[PDB]
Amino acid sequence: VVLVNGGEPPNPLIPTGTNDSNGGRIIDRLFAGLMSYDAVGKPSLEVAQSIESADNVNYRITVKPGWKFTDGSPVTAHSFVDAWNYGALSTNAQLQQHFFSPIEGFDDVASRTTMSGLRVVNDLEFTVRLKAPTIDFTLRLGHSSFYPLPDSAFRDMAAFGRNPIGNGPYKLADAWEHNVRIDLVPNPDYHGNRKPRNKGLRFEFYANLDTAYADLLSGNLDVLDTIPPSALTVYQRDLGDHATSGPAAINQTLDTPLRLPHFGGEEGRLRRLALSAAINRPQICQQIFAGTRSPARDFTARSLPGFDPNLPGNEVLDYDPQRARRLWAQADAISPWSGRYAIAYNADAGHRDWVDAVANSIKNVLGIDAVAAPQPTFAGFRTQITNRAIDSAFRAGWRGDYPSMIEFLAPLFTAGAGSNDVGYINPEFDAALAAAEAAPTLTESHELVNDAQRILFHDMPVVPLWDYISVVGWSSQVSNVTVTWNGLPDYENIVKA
């Protein structure tokens, strides 16, 4: 069995209910959707036989015959349409609801329980009608929001999330020791694009990334996808040709909910711009991350298609203490600052050193009580953010689901999105993103997404910090280790001697 790092999923293992990378790395082993992604994020037909559109509005999707879930029930057009309707319907409160927003009839469900734009034709064909041309519709159909579900899921979704049944390359060993590990074995029914080259996976849920690194060194862990900052000056000596580094489509942000004291309206906008000017991204990237973080130049990631590091208005992400103080003073003229600025973080993923450095920078530049506030587990941390119980700023960050800049902005900054943790609402931004999605070409779409980012430079909904250089290490027992475009191991292709 290949031993790899992970963490406890904050939510049950329902694809439309999963918006985080701890649940996501598990769900993506268990299901197969219309398309699958290879290690560079390129989609290929998987469960779909064909996807046809002449107008880029009406899609006819034909399903390959003979696919089944591990409970023996068939994968059909109904398996997709029922899952997608389940995801879109507001009554089911699914975190991935916004991924269905381009489909005609989404507005009715987000008395109707189904989207008029989704129509089953027969067991192996269905049609999708979009409200408009949507540039990353085809590309998105490998994402977990679009996975199919078995008939038994809809009879009891809570039971399903504790014990999911899928159609993908792996299945749960039967498996999930809460806060300890989850065990997966190959699915013998699966004959798709991602056939496993190993006899199973064990995701170990480390309390401490320093422990995970010790386990890698001793051969008690096969793959470690996050070298902790404590090891970034020693890993190359320690692992040699058994560690690989490279840009990944992953970013980090400092999120300050607009509902906190002194952080709403114009006062909050000026304060966020001040915080951004009070952080020296190049200095933290050099000294805390040993060069394995690249300063943010926008709200997405430098390795994505269409990324531009020279957008007009990007100077809001430059270190400028004089500007930071001037902005903070203008905010204080609306309402005088009081109290503490606390940055909450999950301590299990090695964020301590950077959050300490950012708090210290804010305290020293602005002359305020800024501190770091650790929490022990990602799952607890994310739960606090989602139910809005959290009463401070907090770290956040996005791991791309598919290589599309629009995918790094729509889930976080549109009014209705489930991953909009701060309560940012700017209808002008939502409209600019819809314009980008409707562009006649990819080049024009990238230009319009970058035009839409000018609104984000003005409002600073969150503070973009940096993008990732992934560093992944592995044991002498495994080979064929490829790191994907979003920094994860290519799990199905890991071979164990």
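So that there is no doubt, residue numbering starts at 1 and follows the sequence shown.
### Query
As recorded in the PDB entry, how many deposited residues are without coordinates between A110 and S111: none, 1 to 3, 4 to 9, or 10 or more?
Gap size class: 4 to 9 residues without coordinates, per the record.
#### Entry: Deposited residues omitted from coordinates between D174 and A175, as a class
Missing residues, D174 to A175: 4 to 9.
### Query
Mean CA B-factor: is it higher for 213-221 or for 281-289?
Here the higher of the two C-alpha B-factor means belongs to 213-221.
### Message
Highest mean C-alpha temperature factor of the two stretches 141-149 and 381-389, which is it?
### Response
Going by the record's values, the stretch with the higher mean is 381-389.
### Query
Quick one: which of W398, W328, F299, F154 has the biggest Cα B-factor according to the entry?
So the option with the highest C-alpha B-factor is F154.
### Query
Among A342, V358, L270, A159, where is the Cα temperature factor highest, going by the PDB entry?
Highest CA B-factor of the listed options: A159.
#### Entry: Entry-reported Cα temperature factor of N314, expressed as the chain third it lands in
Middle third.
### Lowest, middle or highest third - CA B-factor, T134
Highest third, going by the recorded CA B-factors of the chain.
### Message
Sorting by Cα B-factor within the chain, modelled residues only, which third would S79 end up in: lowest, middle or highest?
### Response
As the PDB entry reports it, the C-alpha B-factor of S79 lands in the lowest third of its chain.
#### Entry: Relative C-alpha B-factor of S475, binned into the chain's lowest, middle or highest third
Tercile = highest for this residue's CA B-factor.
### Message
Looking at the temperature factor on the CA atom of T70, which third of the chain's modelled residues does it land in?
### Response
As the PDB entry reports it, the C-alpha B-factor of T70 lands in the highest third of its chain.
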